[PDB]
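Notes for the one structure printed next.
Residue numbers (our numbering), protein chains in the order written: chain A, 1 to 118; chain B, 1001 to 1118; chain C, 2001 to 2118; chain D, 3001 to 3118; chain E, 4001 to 4116; chain F, 5001 to 5116; chain G, 6001 to 6115; chain H, 7001 to 7116; chain I, 8001 to 8115; chain J, 9001 to 9116.
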């Protein structure tokens, strides 16, 4: 269903498969904000390593739910960004500050547990 | 296709959504042993909390991969078993011991921080 | 003429009784930096607890004497902002970062001696 | 206004602009006392540094308000008397004991920090 | 007449309550907030809008005054925004998850820790 | 219309504000207060009716409701009464004056100390 | 002009850029971002000390000093020239020489040079 | 004619005194000190324009090149602007009131203290 | 062109060779020794991890392993290939890769990077 | 219109940087220097004539002022004479080689030391 199971240690580990469109990301937007309240989380970890190409209008929604998930009290992290998709994040109107990208899911939870509790 | 990304802290977290049939499970069984062949881990967590229906042909195959990946060197721990599937396991001639069935994914890795790191 | 100034030792506890126009305010604004450079100043405490209303001909000056006096070499605080005068700043293009507001003339020195000295 | 707005850290700090009349100084004694009713402070600091002339009629009021606010319950210092006014103030025959006149406003509150709150 | 939105006055973090009042005519939640901010002092305060569906097109009375109250109230914070409410995105302010872990970090900003 | 009344939920000793409603259909705050008393596990709660003037003739819906919470979970207390409200008493219960010192002894009965 | 550069003490990597008299080249970026994650270098430098100058569009060169912020961490332009920084039609971190940048490159993961 | 301003070098802080020169034609002073910042290792750079009255046309050699030393080596700082120069400035950076306390904080950036 | 970059951290002087293995380019030696004593010279590196292959003359590449002991501290050969070391009928300290040859280069002049 | 010299304070002493050479007619480097010693209180000062070639007929002011600041307050010194300059010797004082060591021994004369 593209939105995998995520609860771990009062943090969330939501992976992403190969996407289809931003109308699939519409489903991805509702099924992240709903889970972050009922499971009272503190930080969402996103693994976009599976994708290798992303539409420019998609990244102004996946990049925009960063602003939504920060407002519900979750300093999210975007682990494992590929090179070719990052060349679609240069001609974008970048204001990517406070997003806290990382390298892998190993180092991703190492940085998030620094900003919470441990 | 429906087989999520898993690497974390020299452990593993595969998950299973509502992808029931053994047209996927034979494909899924190769997707676990080849993945644990790549990243040498010691505890593989199979979170199956989502699905409620399992056919008797799947129960042997899901009961086989825990015996397969045990021989590879990973103590597979099955967390999140529904009460509907736990009814229909004993109609198969199960011998489910040594699988260490925890409660859920929160309670899983704290039991899997016992093998590694201790 | 009207608006005095007075020193306390590496401080400036300026006050504002009542404001009429920019011609008084520029005479006040020219009195400020002339009394900055004559002594050695470190922090200016502006008291505005006795102003009924304001307009953009006046509030642009008081919204920028922060930007004037910071460049001259001293921090500044704006203590005692009235409720009706604060809601008349909604038309302004907000750049009020580091203005370091307070509640009354006592708490001005509480948030200034923290920045400087014991 | 002529009178200032005045409140500073369990004391008071009243300034005085350039003035010449005893139509201001009659209400000014009430403008100082009405604050020390509501504000319970154990000492005021009158500063007459800006004045260059005080007549023998007005010198009665500043020769009274030191003894007046003592009867209210607060010590009174007088800071920064100019040499021109300090000569003609003696022709009003004083009995000044309980004036505690400091030299400038910076060393003024160091005396009331010695009196109040040792 | 319903001459109430809500306003409480506890110890120095003086928080607030807001029900479903999703209309621009409720500008009364501003002066009732401003007048208490110098009545007592308040070094931090919360809002707790956990029940509101939904802000129509006007955060310019909600999130605009949050920096027009930094001038007095020292860093207001939102408590418990709903799921569908944050779908409103015209275009910052400290926020949190809920009151029981929003009050605690609002006690951290005023030199007070929970000790048993 | 005005069927909304009030609720809030801080750290574990909760409270419940009460604004002005001097009616006889006030059975909702007799009911909706006790609902959250076991929807979440709150040990001790408050009433906080420091702005409520006045009651007509019914403390039976106002003080016997302060005996259900004695047996539901634990010991609600009245936070402040106006002098002309309690000025007539042809009628016990722990009470306090204001919220900033009522919440102090709330932590004493539930083993917390707010010091640093 | 076959292949550009790399070097790697493996918590950081860093490469040198010699003088390139063109602006059409982009393989100082794609051959960099591919190897940026094939070995996990946290910090990286640019070391473009002997380069005078680049003027046509170095917006590629200063936004490839933005991709590693969202890929791993902390690019730093080691030793830009005096004339080259005069061209500015457009935050980040930087330094002066190759070793005094390295002293604050390891100071972002807290393993300083000892003894 | 006599276009020769100044350059000194006291310590690992290196400053560049600027005397009175109210003219636009100084394209030298932004390149006669960037030639120095790589010549010897200029960590922090003062400018000390306490006598320069006045200027109206150019901030571009006063605050745009202030970003150059920030990216050449580090942390330029103006020292003691006059009153009429900042009487209005409708055109951030770090400044100090006078020179003897500019060096008091410039040595803190290179982690040293003068005490005996 | 003439790109034979040095890129030194200046307490050691390591150096990167990209693939250009022909005899007429002596500038891996002549345009190294001049820049060797251009700064104060201690232990240096070669890092021929991308070079396939040395054709018939490593005498240029091995006398330069002895034209450095005269002028400065020890050179080392970092990361040779497998078939490159096939038959050498013609010694000098060496290592496996840059992440550990640089560490033991600091362990010849007694410095280390610990946490 | 180019009668300009520069002096300010590294917290006690006074740097005095002079550019390309003065002739005998410009004696104002002397008289605009003793004014500063009783404008601000100075003790040590550095004559800092490091880039200046040359002086041909005026040591009878440049080294005769070397007894003036000793008589005015204290302890004048020259910083870094050129090798070309001091070949003229027809005829003491304290000198040094450059400002990075001239200041370091000038702080000892005012009893202060750079630590850490």
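The C-beta atom is built at its ideal place from N, Cα and C for all residues, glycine as well.
Pairing residue 1004 of chain B with residue 31 of chain A, the inter-Cα distance amounts to about 17 Å.
Interface flag for residue 5073 of chain F against chain E is unset, since no Cβ pair is found closer than 8 Å.
Taking the C-beta atoms as reference points, residue 7006 of chain H is found nearer than 8 Å to residue 7019 of chain H. By the rule that beta-carbons nearer than 8 Å mark a contact, residue 6023 of chain G does not touch chain I. A Cβ-Cβ separation of about 5 Å places residue 3009 of chain D in contact with residue 2106 of chain C under the 8 Å criterion. By the criterion of at least three beta-carbon pairs nearer than 8 Å, the region 4041-4051 of chain E is in contact with the region 4100-4112 of chain E. Inclusion of residue 101 of chain A and residue 77 of chain A in the CB contact set at 8 Å is warranted, their separation being smaller than that value. Taking a C-beta cut-off of 8 Å against chain A, the contacting residues of the region 6068-6101 of chain G are 6069, 6070, 6071 and 6072, listed in chain order. Taking 8 Å as the upper bound for CB-CB distance, residue 6092 of chain G and residue 6064 of chain G are not in contact here, some 11 Å apart.
A residue is called buried when at least 16 other Cβ atoms come within 10 angstroms of its Cβ; residue 6095 of chain G meets this threshold and is buried.
Within the same chain, and ignoring the five residues on either side of residue 1028 of chain B in sequence, the residues whose Cβ sits closer than 7 Å to its Cβ are 1003.
Per DSSP, the continuous alpha helix (DSSP H) segment holding residue 1085 of chain B begins and ends at 1083-1087. Across the set J/9067, J/9009 and J/9096, the C-alpha of J/9096 shows the shortest separation from the C-alpha of residue 9083 of chain J.
For residue 7035 of chain H, the enclosing alpha helix (DSSP H) covers residues 7034-7037. Between the alpha carbons of residue 3094 of chain D and residue 3083 of chain D lies a distance of about 17 Å. When the alpha-carbon of residue 5011 of chain F is set against those of F/5044, F/5023, F/5032 and F/5004, the nearest one is in F/5044. Per DSSP, residue 9078 of chain J is one residue of the beta strand (DSSP E) stretching across 9076-9079. Between the C-alpha atoms of residue 4030 of chain E and residue 1051 of chain B there is a straight-line separation of about 50 Å. Taken in chain order, the members of the region 1040-1054 of chain B whose beta-carbon sits within less than 7 Å of a beta-carbon on chain A are 1047, 1049 and 1050. The Cβ atoms of residue 6047 of chain G and residue 6085 of chain G lie no closer than 8 Å to each other. Contact between the region 2014-2026 of chain C and the region 39-47 of chain A is not established, with fewer than three Cβ pairs separated by less than 8 Å. By the rule that beta-carbons nearer than 8 Å mark a contact, residue 1005 of chain B touches chain A.
In this structure residue 5055 of chain F does not touch residue 5090 of chain F by the C-beta definition: roughly 13 Å separates them, more than the 8 Å allowed. Straight-line measurement puts the Cα of residue 2066 of chain C at about 56 Å from the Cα of residue 8045 of chain I. Excluding the 5 residues flanking it on each side, residue 68 of chain A has same chain C-beta neighbours closer than 8 Å at 29 and 33, in chain order. The beta-carbon of residue 37 of chain A is placed less than 8 Å from the nearest beta-carbon of chain E. Residue 4014 of chain E is positioned such that its CB atom lies no closer than 8 Å to that of residue 4063 of chain E.
DSSP places residue 9001 of chain J outside both helix and strand once states are collapsed to three, so it counts as coil. Listed in chain order, the non-local C-beta contacts of residue 5017 of chain F below 7 Å within the same chain comprise 5006, 5008 and 5048, local neighbours out to five positions each way being set aside. Going by beta carbons, residue 8059 of chain I and residue 8029 of chain I fall outside the 8 Å limit.
Between residue 6107 of chain G and the set I/8087, I/8115, I/8066 and I/8069, the nearest pair of CA atoms involves I/8115.
Here DSSP, grouped into helix, strand and coil, assigns residue 4046 of chain E to strand. One thing to note: residue 8083 of chain I has its Cβ no nearer than 8 Å to the Cβ of residue 8014 of chain I. By the beta-carbon neighbour count (other beta carbons within 10 angstroms, threshold 16), residue 2047 of chain C is buried.
Taking CB atoms only, residue 7112 of chain H has a neighbour in chain J less than 8 Å away.
Here residue 6104 of chain G is not near residue 8113 of chain I, since their CB atoms are 8 Å or more apart.
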